[PDB]
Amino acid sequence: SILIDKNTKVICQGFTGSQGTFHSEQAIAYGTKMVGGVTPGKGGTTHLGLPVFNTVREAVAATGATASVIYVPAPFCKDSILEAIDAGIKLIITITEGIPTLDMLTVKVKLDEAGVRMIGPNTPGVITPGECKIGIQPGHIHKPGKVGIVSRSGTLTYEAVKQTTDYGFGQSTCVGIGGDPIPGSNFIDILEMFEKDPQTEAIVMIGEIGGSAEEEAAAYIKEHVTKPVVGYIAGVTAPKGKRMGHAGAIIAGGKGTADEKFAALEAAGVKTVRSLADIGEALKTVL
């Protein structure tokens, strides 16, 4: 598994808001070691049976949490993420959608310099089936297993989770890199982690239109990934220059089409599948 496991202690920023509450309840039911939350102005209270702190540093000092999940509205995310980086949090999972690209541009530079890992934003999150769940994914479709999944899409990830669970492969860890143009982590970052994770025997890489992370991942996989990889790119039928839901799902300057990504992955030796329904079949082939 990568990123998180049964030992990961997690705090939630935006803990007392609707989504933070609802999903922390889900994480808690899953057995995720949520140890606390942060909502400025509500420090010292308790919520979902856990301490709420005014700041992340208070939360970290009090609980020792190394991971924070963020359910803070977009306007305050940059502030939330920078706070978490400043408090020593080493793993940030930002669920939040709508964060201005320029904010993430800066946050990304910060994350890389501080050596802090961020998954997201605009991601369903991260889950190591059977051990730790951080995010909004449904945990009853997963099965502790051997397929590592990285995706720019939550729903497509679920399809792949359903398939790898149905074929019995199960998942080592599912990582949603999110649908934004500048994520905290990209395919290459997650790919390297799966390659180095003994529990992961195969990787499903799910991408979509826009940017060139997939093409770069392709080149990376060819030279540094030995484990079998099954790839799926959504958006073959997407028009160019139009946002398809995700802020990152837009083909800018005619570059980054789904076909170019499939092609790039095929050339790097990745097992691609034209139909998202065939991810499980493609894994059977390579396992």
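So that there is no doubt, residue numbering starts at 1 and follows the sequence shown.
Of the two stretches examined, 98 to 106 and 161 to 169, the record assigns the greater average C-alpha temperature factor to 161 to 169. On average the C-alpha atoms of 151 to 159 have higher B-factors than those of the other stretch, with 76 to 84 and 151 to 159 being the two compared. Per the deposited record, 141 carries the highest C-alpha B-factor of all listed residues (141, 188, 174, 134). Within the selection 241, 37, 49, 245, the deposited Cα B-factor values reach their highest point at 241.
In the PDB entry, a CA B factor belonging to the highest third of its chain's modelled residues is recorded for residue 202. In this PDB entry, the Cα temperature factor of residue 61 sits in the middle third of its chain's modelled residues. In the PDB entry, a CA B factor belonging to the lowest third of its chain's modelled residues is recorded for residue 118. Compared with the other modelled residues of the chain, the Cα B-factor recorded for residue 216 ranks in the highest third. In the PDB entry, residue 269 places in the highest third of its chain by CA B-factor.
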